[PDB]
Amino acid sequence: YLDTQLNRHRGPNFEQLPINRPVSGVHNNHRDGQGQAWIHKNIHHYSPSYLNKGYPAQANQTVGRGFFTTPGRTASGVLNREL
Amino acid sequence: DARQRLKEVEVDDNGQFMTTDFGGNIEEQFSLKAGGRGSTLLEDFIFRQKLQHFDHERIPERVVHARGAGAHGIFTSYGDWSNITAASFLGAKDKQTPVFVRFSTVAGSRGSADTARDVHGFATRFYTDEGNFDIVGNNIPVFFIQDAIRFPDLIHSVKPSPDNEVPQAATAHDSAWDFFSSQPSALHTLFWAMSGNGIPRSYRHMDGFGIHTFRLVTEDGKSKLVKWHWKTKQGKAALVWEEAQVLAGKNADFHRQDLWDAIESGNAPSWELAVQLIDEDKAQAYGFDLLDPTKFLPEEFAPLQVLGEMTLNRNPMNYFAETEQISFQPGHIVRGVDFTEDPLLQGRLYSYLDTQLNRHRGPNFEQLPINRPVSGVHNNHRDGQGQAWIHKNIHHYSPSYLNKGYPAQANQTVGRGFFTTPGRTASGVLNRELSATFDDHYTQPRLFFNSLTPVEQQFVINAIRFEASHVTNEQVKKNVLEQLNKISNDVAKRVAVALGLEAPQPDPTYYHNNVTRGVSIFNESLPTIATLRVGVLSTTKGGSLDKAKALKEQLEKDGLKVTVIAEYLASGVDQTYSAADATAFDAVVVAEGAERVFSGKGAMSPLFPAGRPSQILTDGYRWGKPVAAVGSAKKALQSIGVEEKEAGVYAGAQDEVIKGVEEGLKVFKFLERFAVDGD
Amino acid sequence: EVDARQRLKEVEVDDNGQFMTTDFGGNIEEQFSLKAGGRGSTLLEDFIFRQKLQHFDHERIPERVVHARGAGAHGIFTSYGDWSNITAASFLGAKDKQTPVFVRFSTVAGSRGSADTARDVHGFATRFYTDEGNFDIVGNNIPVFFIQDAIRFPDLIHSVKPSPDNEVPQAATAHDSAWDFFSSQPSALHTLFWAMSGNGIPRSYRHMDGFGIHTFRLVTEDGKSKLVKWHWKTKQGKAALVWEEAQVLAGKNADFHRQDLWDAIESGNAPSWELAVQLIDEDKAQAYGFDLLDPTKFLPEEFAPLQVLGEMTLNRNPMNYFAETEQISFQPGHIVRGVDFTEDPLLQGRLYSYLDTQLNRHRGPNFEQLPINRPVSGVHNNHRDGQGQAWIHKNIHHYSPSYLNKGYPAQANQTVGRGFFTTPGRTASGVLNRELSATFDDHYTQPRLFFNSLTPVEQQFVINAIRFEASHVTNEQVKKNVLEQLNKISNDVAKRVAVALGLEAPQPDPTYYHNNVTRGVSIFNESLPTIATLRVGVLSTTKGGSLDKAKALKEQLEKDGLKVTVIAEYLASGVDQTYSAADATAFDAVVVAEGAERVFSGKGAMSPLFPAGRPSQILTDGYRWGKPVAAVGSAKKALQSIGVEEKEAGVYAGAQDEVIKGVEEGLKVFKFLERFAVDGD
Amino acid sequence: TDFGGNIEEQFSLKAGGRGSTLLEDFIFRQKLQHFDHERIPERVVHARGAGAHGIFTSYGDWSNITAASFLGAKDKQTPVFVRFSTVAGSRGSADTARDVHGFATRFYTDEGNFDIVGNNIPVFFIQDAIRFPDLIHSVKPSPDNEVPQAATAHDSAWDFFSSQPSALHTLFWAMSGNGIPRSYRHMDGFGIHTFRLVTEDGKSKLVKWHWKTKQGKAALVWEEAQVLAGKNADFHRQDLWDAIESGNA
Amino acid sequence: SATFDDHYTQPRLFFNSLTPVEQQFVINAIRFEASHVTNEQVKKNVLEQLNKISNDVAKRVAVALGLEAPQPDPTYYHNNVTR
Ligand code: HEM
Ligand code: HEM
Ligand code: HEM
């Protein structure tokens, strides 16, 4: 689903389109790309960084209400091409 | 063989193990997982390379004529036409030039119905030894608009509404009818689209037209005005709207299959290439400007002269690579042919080259096997997305000492190069206006209508009545009727009745009783059959199958493919009753002893939907198709109220049914079965 | 004996003896626009103009997101023997097996038009056109990468590349953002030390060692695996420039390495590389004092000797840079039966990235159908359609499983149809997490092992590079943060850099301090095994019959394998380059011909042909850059005008017997490190 | 992420401690997909260049000579944006290379966007636009090896000038100080073509656009220019940036 | 148009309108650039074209190239100066 969008939209900024854009707000070091609709204010587009005071900051389970995978989830066994 | 040049790019995978796009044998049926019931790994290159290809399979459809189908062919010249044109594919006797034709609709999208009511496309590629030559035409000799700048306006109006994208492949909506009532130039093509030309039987039973006036330049530079025509050897045949609507649902690939089947069965379709020669000085002599795409030239003023014949003998191997990827351009011109100052043609030359960049994502679309010429390409073009070639020439500029002057310039005197007509001059002020000679939009629509049979003319009015009844705006309906009244007061009053509005005011300005030849569809008789689609309604009980097989054998003898319909797929059964429909066939014949299944207990079978056999017979008759009954099968016709002998309807023994049903097809559609106004 | 480009023949287009045509055929005249009169406007009906200009307007494709600046060559890989015991690979499957190759060398931060001699990590990417699929070893000239997790790649690239506000600087790491990242991501410190050394500014693509970086696996037919490290050892030997030379060369000839390769192949002296490997047992993955899944650490030669498998030589130059070099799309995911991936977090994310990026650069999925990308093995899969489909597929049942296609294309695996298989022993154990192993925590030991393994003068070049680069940081806190990180590697390194910055560096941290030394990391220790393809500049003059004496020196030198260019005021009988066109950066050896001392002093130096004091500058530059300088007979006065001793190490004076054999000796040394000032004097 | 929601983009999702990366790591993919597709094609010509925003002020009401809106008023302030550039040079080429320089100016008028896409030399090499690919293909790097970058010192370029004598005027300009200027600010701009200035009534007058620098014309020397291309390839790019920031616009 | 046929008058007007040292810079650029041409016939073709503008310009460039081709063609020769 992420891959196909590059064909249909011919670039990576398909999420900047009004119908796709979230209401939550976007803050990441993604720059450039076909049809960039935004002028980013932070010139230090990387992490870790002293210059950007640590912004955008990393969020996880305990900090900044970030996404996390289920802690109990484990991987066990041989790597295989079977069902 | 025409496909010979494609043999080098043809891939066989039989007897071969599955590989990645970059080589190496693989197993693409299981994802790489972290354990038995584990998550898929990013390190599974096999999955990604397989799915990435799939995710990016689709290219944009054509902005217009998205729905269509093609076939490969061979064009043969009837003689040396060097006296009329410097063209290479024409200046020799029995010269065989490979071709590829793509027929299509207009407003319809990629998945739209073949049997939708629209203008049909007729794009033809000539793989000449002097370059690719395209005659990007339509099945109607006239176009809606006079200036190419108005093309987005016409397309935006006819295509689905921008808010909901309703309707698909139809002109029965407010926007489309507002444009016709606001742009009176659109009225001629409308009358053609509202006729049989709008709903033809097949791509093979179509006449093609280049529309524009072109020029035919001789070696010396002398030009002659020309009009391209494609006359079908199969003859013009059209469906009825009531049939066409059911067919769009029952089989949306009706025309697509019709062509495919013809080539495979051996009966390849043919077309004669005719021209209308006109002197440069007689460009406005015929009562209209020849630079006008809304007007056509009658056969009475200029007879058609046959130049050769084009036959389609090969079907494609991959629809995408061949049919979908083919990129036609009316700008694909060769030495011997030249453009005219036709404002519609002028803007097309730009548009078709431009669009190619969207559809193909780059400039090397001409390097694609289906697009590439047989003549050879030697220019200074380099780079671009998906460069397929490795240019040996490092001095890719002109003029140059380093490349000894190669590639060399060719023109009229040297290297058989293309040249514009020497006589062609530019005179007057630069302006954004249209000639006063383009101001007549009502004479030509009436000439066509006056040249149709009484029942055909009804079909025109019965299409307008249908389409206009969909307009929600009261003022648009009145605006349409005001425009129709300017063509014919009879046409206007008949449409008005269906709309509930009364606006009859005869405007005798463009009224005339002149008639032109070769515009009618049903008037002429069908030449060969070769059509064909004959349905035999039989049954599994009472030994009717054995009697149906005998009829199937005798009827196919005259070069046909007859389909026997029964409850289930027995010994001689091709289609079942649930799978079959009257739209699929041109002739409906009920086999002897076919029950009791038409109105009795046999009609209620779990195999087919309630009252199906009766419906196939009912539909056929009401659609003007020749209907038949062998022996006992007379009760089938009586169950709905169909008399023994009238029009196409013939009863009797086995051989008595075969002879007569064949004569019915020559007529094709029985116009006497359709109600005309005034009765 | 055979042409490595034989497969691209099918697609070559000759236009010699042919008239100009359009892309759709038909002879044309593309030199005049169609106009409405004599002095009239151009007409839209001019299809010739539009079809010519449309192609031109759509010539450019996007450059590579990284490694944009570079040049390639075709070649032939020959196996030294049957390695079936170590790997199931086909190209390593037999003795003297010839496999076609194509190598592309590049930088990283530099854009399409950037200079070849800039201070960056160099790329070294090899395509193996195996009779079992395309196999890519997308490596660099440094054995270690900056980051440990592929997710951090955008962060590293965004930091090293030009600033987003003004797009300054081009092909350089001397800026706040780049140095903030190194001071904030201590994993980046090893590759930095390598980039700051001679490895960052090499002499040529041919005088480079290449490394696959990641640890890989070599699977046998039976399924037994062995951990492996790819290495490309140059038969030409490692040679690097000096920063002061490198800066002038970026301006004088930005296609320095591009020409160096092109010239070598055309002249006959084709470059060679031996393919070496480091074999390691699966059980000894953490046994060497570090995790082998770590791309920030390399394996010393003392623990695992290199084993040669074959040799790769580049014998053919491309015919069209675009179609071949620009359009080539490498992928480390281009794997074949016999080779397998490791759980290296940097490698893992690369497999995704490289396939993805091609959709931007090529604008579709059929990039593998392009002549340069297509394998020689043959393609049989149910992939259909897609932008620019170049093939007509014959099988109408494009799916699996299927009764209709008789089961073709058939599935291949380990036991059937010689298909690819993952290592059977490979297991997944533990919790799914977004963390990095504790075995990856050491970022200071390995940088110090490299530094301790360089010659005293080489160590200064590392110091000076950092001194140069850090002096560009405008932020005072970033400079302190850098010095704090450098102090964790070596207190000596930190104090020497601190001096140039004006700020002192506290306080000795003996945690990762050691005096261990590793072999094969120095560029300047070992002498060049060959002197061929080495440029020598002869400074001569049009007056006093010096040209005739210079031609004699040129003859004896050219027959040894060297490429000799005679410099004079104008293009006379034996003059190749003029004094205004020539520069010391272009040559490895600078020799002043007898009687050329006349253009060093007096009016001879003031000529309208060349800029004021040019001959003197070429000689001055060559000596200060450590290049072996020479003077024949009276030409001793030329060296004296700047203050150069005739008996110094690297300097040669005497006759046309002594100079010829004396100079070619100094070329083996390449660069005389004794001319460079070391701290402590 | 690009579709909202707080995340941690510093660690890949793995199957265990020292395990392989999972396809289910949407964070990694959405971050790398953006990066993988950051680059767009460079301009076919004038790939190397730099711009700045500005304000255009009219000295008076020129309604008598032109119907233009940005001109037919006294002290009328029209927003502008200028992009100066070289020609043969690619995206990463040196600012101090010897070439024709570009001077593209956008006028954000209240009656539409008006562009004067000029050059620092009043004359162009060729007379017919159809010959543009020939000129560019000749001046740009050789198609076999792609040597040289941002230079006209090669066989192909000099074959074209000797074969197309129209190219001789612009050559003399390119061979002069106009070919190696000190800065983008010390450049004169020219619209090259003759244009027409139409009044409300329809009366036209032939016109030639000119941009005269208030800073004055200043150029380097080739021997300096060669060293600068290596020492600082962003010489002109920084020169402009510094001027605006320092206040001296 | 035939009015486009003059390609030598305007180049000389520019050159005649430059200072003595500036004119040298023009010739010192051509001398540099032309010395890179590997083809002997291209160098002669260039000098033939330069001779059509000014015989002085042609003879000065010729010196650096090692070729001698001075034949004054007074057709488009003039001493006009522009500001
Ligand atoms: C007499 C008038 C016209 C005729 C007969 C005509 C006919 C056709 C046909 C038959 C096709 C599809 C060709 C194929 O099978 O691939 C087509 C496509 C198209 N037409 Fe027209 N057309 C006409 C006027 C116009 C005009 C006036 C324009 C715009 C100026 C236009 C723009 C296009 C475009 C953009 C396509 C898509 C072509 C492609 O993607 O390859 N057409 N036309
Ligand atoms: C050991 C670490 C790495 C090495 C040795 C390496 C080396 C290279 C080289 C040599 C090239 C250019 C290949 C060519 O000549 O065409 C390249 C391109 C590239 N690399 Fe890396 N790379 C490394 C890590 C990464 C990582 C971690 C990523 C992102 C996950 C990445 C993404 C790319 C991309 C997107 C390109 C452009 C490729 C193309 O357009 O074809 N690389 N890399
Ligand atoms: C007087 C003659 C010319 C001048 C002054 C001129 C000037 C320029 C300049 C200054 C640019 C870059 C604008 C920018 O900063 O973005 C440019 C771009 C370009 N020019 Fe020219 N040009 C000339 C002639 C031509 C001709 C004759 C053609 C082809 C018919 C052409 C095609 C282009 C193209 C395709 C680009 C790339 C533009 C883009 O990607 O936006 N130019 N030109």
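Following Swiss-Prot, chain C residues are numbered 36-716, in order.
Positions of Cβ are set from backbone N, Cα and C atoms, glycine also.
Listed in Swiss-Prot:
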- C:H102: active site (ACT_SITE)
- C:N175: active site (ACT_SITE)
- C:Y389: heme binding site (BINDING)
For C:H102 (active site): intrachain residues, at least 6 apart, with Cβ closer than 8 Å:
C:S141, C:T142, C:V143, C:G158, C:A160
Which residues of the same chain, at least 6 positions away in sequence, have a Cβ lying under 8 Å from the Cβ of C:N175 (active site)?
C:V156, C:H157, C:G158, C:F159, C:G245, C:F246, C:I248
Helix, strand or coil at the residue listed as 'heme binding site' [DSSP, three-state]:
helix
Once the DSSP letters are reduced so that anything not helix or strand counts as coil, what is C:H102 (active site)?
coil
In the three-state scheme derived from DSSP, which category covers C:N175 (active site)?
strand
Under a criterion of Cβ-Cβ distance under 8 Å and sequence separation of at least 6, what residues of the same chain contact C:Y389 (heme binding site)?
C:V173, C:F365, C:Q366, C:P367, C:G368
